[PDB]
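S.K.: let me give you the complex in parts, starting here:
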Amino acid sequence: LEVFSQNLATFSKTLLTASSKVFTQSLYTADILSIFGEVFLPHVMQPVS
Amino acid sequence: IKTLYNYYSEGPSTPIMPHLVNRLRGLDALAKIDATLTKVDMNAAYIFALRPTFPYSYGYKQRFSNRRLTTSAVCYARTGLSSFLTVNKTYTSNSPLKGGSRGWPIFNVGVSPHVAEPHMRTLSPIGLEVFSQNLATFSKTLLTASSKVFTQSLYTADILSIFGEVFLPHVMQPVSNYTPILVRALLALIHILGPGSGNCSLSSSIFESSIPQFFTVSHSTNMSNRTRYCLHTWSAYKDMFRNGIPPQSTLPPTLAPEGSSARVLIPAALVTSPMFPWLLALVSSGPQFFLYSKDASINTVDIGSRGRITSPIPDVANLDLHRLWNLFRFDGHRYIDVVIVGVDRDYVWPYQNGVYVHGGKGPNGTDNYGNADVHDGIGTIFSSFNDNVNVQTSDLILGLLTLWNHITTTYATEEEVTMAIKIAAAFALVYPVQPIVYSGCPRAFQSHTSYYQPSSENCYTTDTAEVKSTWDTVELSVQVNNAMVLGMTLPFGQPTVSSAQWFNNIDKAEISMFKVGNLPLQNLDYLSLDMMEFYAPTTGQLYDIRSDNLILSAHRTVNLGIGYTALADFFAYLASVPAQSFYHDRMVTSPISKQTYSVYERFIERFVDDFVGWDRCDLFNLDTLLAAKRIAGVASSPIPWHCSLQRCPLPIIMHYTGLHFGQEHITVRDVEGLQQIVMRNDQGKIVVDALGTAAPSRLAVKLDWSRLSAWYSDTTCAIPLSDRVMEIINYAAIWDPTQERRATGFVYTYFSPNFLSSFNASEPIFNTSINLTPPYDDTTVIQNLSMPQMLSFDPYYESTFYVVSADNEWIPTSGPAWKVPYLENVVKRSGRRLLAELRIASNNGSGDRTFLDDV
């Protein structure tokens, strides 16, 4: 949902609501966010499977 | 709401400008919703957008026809040069070529003193925080949008400092306007591809087979409107303003753009975009490079008078095919500081090798380059624009297609696009000199004329396979070439006095102080701020497919340019503006040219303010009209000044104005509008004694527009092909009592037989297999699309003249006694019909009239 907010609205620090760096090399940092926003935009816009 | 049927059904009203402007607005609205631009093939949507065809049905009538078999068909007018054929740069030999001009005109456009009015905009969440910084005393709660999660992005605190330092006016008053760059984009696309009818030379026989697929880039220092570029990173650019203010400083912001010393902020992620070189263009001064067709042999074609298509024109070897891109000169920003934001000290310029960004990577491994080198022209950078570079049409327009896709979707509103289309329509097309054919006078009035012999002017064709029309008697000498080069016009009729000439091994351009128009500058601050996401986007869409794409927009501006040309021709036949007032010798032949220009500009200035909404003097001026020079050894043809500024044929004018010239206005039967004209000589013997009918006054046409319809088909005759004798001369003449010798003939602006043969195809493609032969051909007439004779021969003096019979047995009120043309517009392109005109004898029995009379 935060990636959806990134792709839907102009950037703001309040949009970053779920990411964290407490856990290292996990699926919850900002580079995973960039991955989701870069190579999976269709599935962010239309979550379907 | 309205359709082409409704527009073709209705005619002009007594207030013409309130009627013509509304009709043009409705035609533009129709052009908006016309499809045939997205799903169709690439070089068919382009050809439909840039070379629109106007259907029409011709036909002529005769008095005593016995089983006369005629063909009712549909033709497609089209006008406008799609390109220009000149001699190649390495010709020498100083000899004429069949269709090769020694030089081409330059329609130079200046910088408008007016500034496009910007409209309101809203700031991004980061921009609102900069507003809070500039509006309130500092607090840590004011910093609400910035973050350091994303490195070297547009959302950290240094970007905030940039916004607060060099863009404070735009933070306080968020405002933007984008019509200048849209105008330049539309003009660039249209000139690169070429609008019009496909004719690509001073001769009306050579055409362009289709839109070119390959271009070549050529460089010429002498005749290039180049601009200077400097490249910096943001750090070095800011550092160069620390020890005082250097000369030519771009640091202060701009609200009213000024020509020199501009600057643009370009993010690093957008430098690599294909739209960046086109964005540096369309705001700079142009053309910084010349665009040619890669091959002029597989693209140029020849059309005969009968419709014979010969592909290789006789002199393919020594000819270049300039696009309209090389015939236009634009003045924009002359010095641009391209400053890249979010870049370290080893940037490396991506496009051109050997070009180093100030503050970036140095020549040989060094970092933080300390030189702000100035590059002359956009070809020294952007390796795609180097000399002798061969480009495919897709790999050259794509960036443009990208740029227009972004601005019209993210940055600009629909009103800006509409204004851009309306403004760009003024420079959309280029038209050659107007040719005319004087029919002469009947032998009965040989002693009462100053213009007895038939003549022709500006009638040039190069086809040799078929028979050449006798009217075309133009030989392309140097003097004639220059005289016709000084004769091309724009949609509003403005000529140019600037020219270029590249041959032997020398390129030389003469650019006069007078310009054909002016264009507004693009404020680069709006571009920079939009490109850093400082403004909120206008729309969240990604594609302009469903709203104002580049091809549909360009189609709209081409339609509006042809409409401007048609309305200008109509205004010429409203103020009695002669064609000869727009030739090379317009400033010395007669002092009445200024008087005609007064009324013509009165019409144009009312049209522009009522429809375009821009300053009139920026789109049309008398500066180039009044700066005529005359070549030297070029003499004017002995033709009376009786025809207007017709640039497009009659069907286009009727389409854009509602003029009706059908067969209902041709009289066949008959109470006293006749007058006997009597003239005696010094011996008291009557020497004329002929019947005549008074030509209508412009007031009468104003109160009844069918008077103009009847005035046509009373003075109009079909143009003969093999002989210089018309069938109207044997019966009628023009009698002007205020003239010393009171008899004359008809002037009849004349296009070509080859040009009208090109009208047969429904799409402007002619390679080998297109059949341009006339429909149902049986046996010598070149078709009359010429507009009637002017209702007045003086721009200010109102006097009455007559159409006078010449034989004895013809009564002018009984109807014309020759081949009398008639026209219709026709929406649905139908096929050939073989019709028969017969006598009515009360025993006329035909199967169709007997059994097919139900409907």
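M.R.: Ah, there it is. Numbering: from 1, shown residues only, chains lettered A, B, ... in the order given.
S.K.: nearest residue to residue A:18 other than its sequence neighbours?
M.R.: Once flanking residues are discounted, residue A:18 sits nearest to residue A:2: 4.5 Å by CB to CB, 6 or more residues apart in numbering or on different chains. (C-beta placed from N, C-alpha, C; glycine too.)
S.K.: contact partners for that neighbour?
M.R.: A:15-19, A:33 (CB atoms under 8 Å, 6 or more residues apart in numbering or on different chains).
S.K.: buried ones from those, can you make that a ChimeraX selection?
M.R.: Buried members of the contacts of residue A:2, defined by 16 or more other CB atoms under 10 Å in any protein chain shown, are picked up in ChimeraX with:
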select /A:15,16,33
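S.K.: in helices, which of the contacts of residue A:2 appear?
M.R.: residue A:33 (DSSP state H).
S.K.: so which of the contacts of residue A:2 comes closest to chain B?
M.R.: Distance to chain B, by CB to the nearest CB, is smallest for residue A:16 among those, at 6.0 Å.
S.K.: still on that earlier bit, gap between the residue nearest to residue A:18 and chain B?
M.R.: 12 Å (CB to the nearest CB, to the nearest Å).
S.K.: over to residue A:38?
M.R.: 13 Å.
S.K.: now that residue, what's its secondary structure?
M.R.: helix (DSSP: H, G, I helix; E, B strand; the rest coil).
S.K.: how about the residues of chain A by chain B?
M.R.: Counting by CB under 8 Å from any CB of the partner chain, the residues of chain A close to chain B are A:10-14, A:16, A:19, A:30.
S.K.: attach chain C to the model above:
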Amino acid sequence: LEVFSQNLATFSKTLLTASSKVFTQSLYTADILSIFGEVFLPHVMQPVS
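M.R.: Chain C added:
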């Protein structure tokens, strides 16, 4: 229908995500739609046969 409701959706460009790829990369890009969606975009916009 997925492609149609996709290209019709409102995005906010922003170089963080891939929506900005229609600007930084040619407008005939397949990183927001699919390759087939990019190819059949004109016909997806006007479905006729």
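S.K.: and the closest residue in space to residue A:21 that isn't next to it in sequence, how many residues sit next to it?
M.R.: Among residues not flanking residue A:21 along the chain, residue A:29 sits closest, at 5.8 Å (CB to CB, 6+ apart). If you count neighbours by other CB atoms under 10 Å in any protein chain shown, residue A:29 ends up with 16.
S.K.: could you report the neighbour count for the closest residue to chain C within chain A?
M.R.: Residue of chain A nearest chain C, by CB to the nearest CB: residue A:37 (3.9 Å). Counted by other CB under 10 Å, the residues lying close to residue A:37 total 21.
S.K.: can you check the one 3 residues further on too?
M.R.: The tally of other residues near residue A:40 (other CB under 10 Å) stands at 12.
S.K.: what does residue A:41 give?
M.R.: Neighbour count for residue A:41, taken as other CB under 10 Å: 21.
S.K.: around chain C, pick out the residues from chain A.
M.R.: Going by CB under 8 Å from any CB, the residues of chain A near chain C are A:6-11, A:34, A:37-39, A:41-42, A:45-46, A:48.
S.K.: try 10 Å this time
M.R.: A:3, A:5-11, A:15, A:30, A:33-34, A:36-42, A:44-46, A:48 (CB under 10 Å from any CB of the partner chain).
S.K.: one step back: need the contact list for the residue of chain A closest to chain C.
M.R.: Residue A:37 makes contacts with A:2-4, A:6-7, A:44, C:14, C:16-20, as judged by CB atoms under 10 Å, 6 or more residues apart in numbering or on different chains.
S.K.: also put chain D in, sequence below:
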Amino acid sequence: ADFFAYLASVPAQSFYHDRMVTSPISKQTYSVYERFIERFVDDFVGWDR
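M.R.: So, slotting chain D in with the rest:
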């Protein structure tokens, strides 16, 4: 078509090899045969004549 040719009085010799050299009456008969065919095609087929 044969019935229309009878109705429009179209001779059978207007469709031979010498239809154009014999006498111009062939085109005069075509000028009515075409009307008959055009009406029939515009009333039944619905395609361009």
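S.K.: now with chain D: the contacts of residue A:2?
M.R.: A:15-19, A:33, A:36-37.
S.K.: what's the answer for residue A:1, then?
M.R.: Contact analysis of residue A:1 by CB under 10 Å, 6+ apart lists A:8, A:17-18, A:44, A:47.
S.K.: again, only using 8 Å
M.R.: So residue A:1 contacts residue A:18 (CB under 8 Å, 6+ apart).
S.K.: next: residue A:13.
M.R.: Residue A:13 touches B:144-147, B:149, B:155, counting by CB under 8 Å, 6+ apart.
S.K.: let me know the closest of the contacts of residue A:2 to chain D.
M.R.: The closest of the contacts of residue A:2, once distances to chain D are taken by CB to the nearest CB, is residue A:37, at 52.7 Å.
S.K.: now the closest one: closest residue in space that isn't a chain neighbour?
M.R.: That would be residue C:17: by CB to CB, 6+ apart, it lies 3.9 Å from residue A:37.
S.K.: how many neighbouring residues does the one you found have?
M.R.: 24.
S.K.: same question, residue A:9
M.R.: Residue A:9 has 18 nearby residues by other CB under 10 Å.
S.K.: do the same with residue A:3
M.R.: Neighbours of residue A:3 (other CB under 10 Å): 22.
S.K.: so for it, what's the nearest residue that isn't a sequence neighbour?
M.R.: residue A:36 (4.5 Å).
S.K.: how many neighbouring residues does the one you found have?
M.R.: Counted with other CB under 10 Å, the neighbours of residue A:36 add up to 20.
S.K.: sweet, I'm off.
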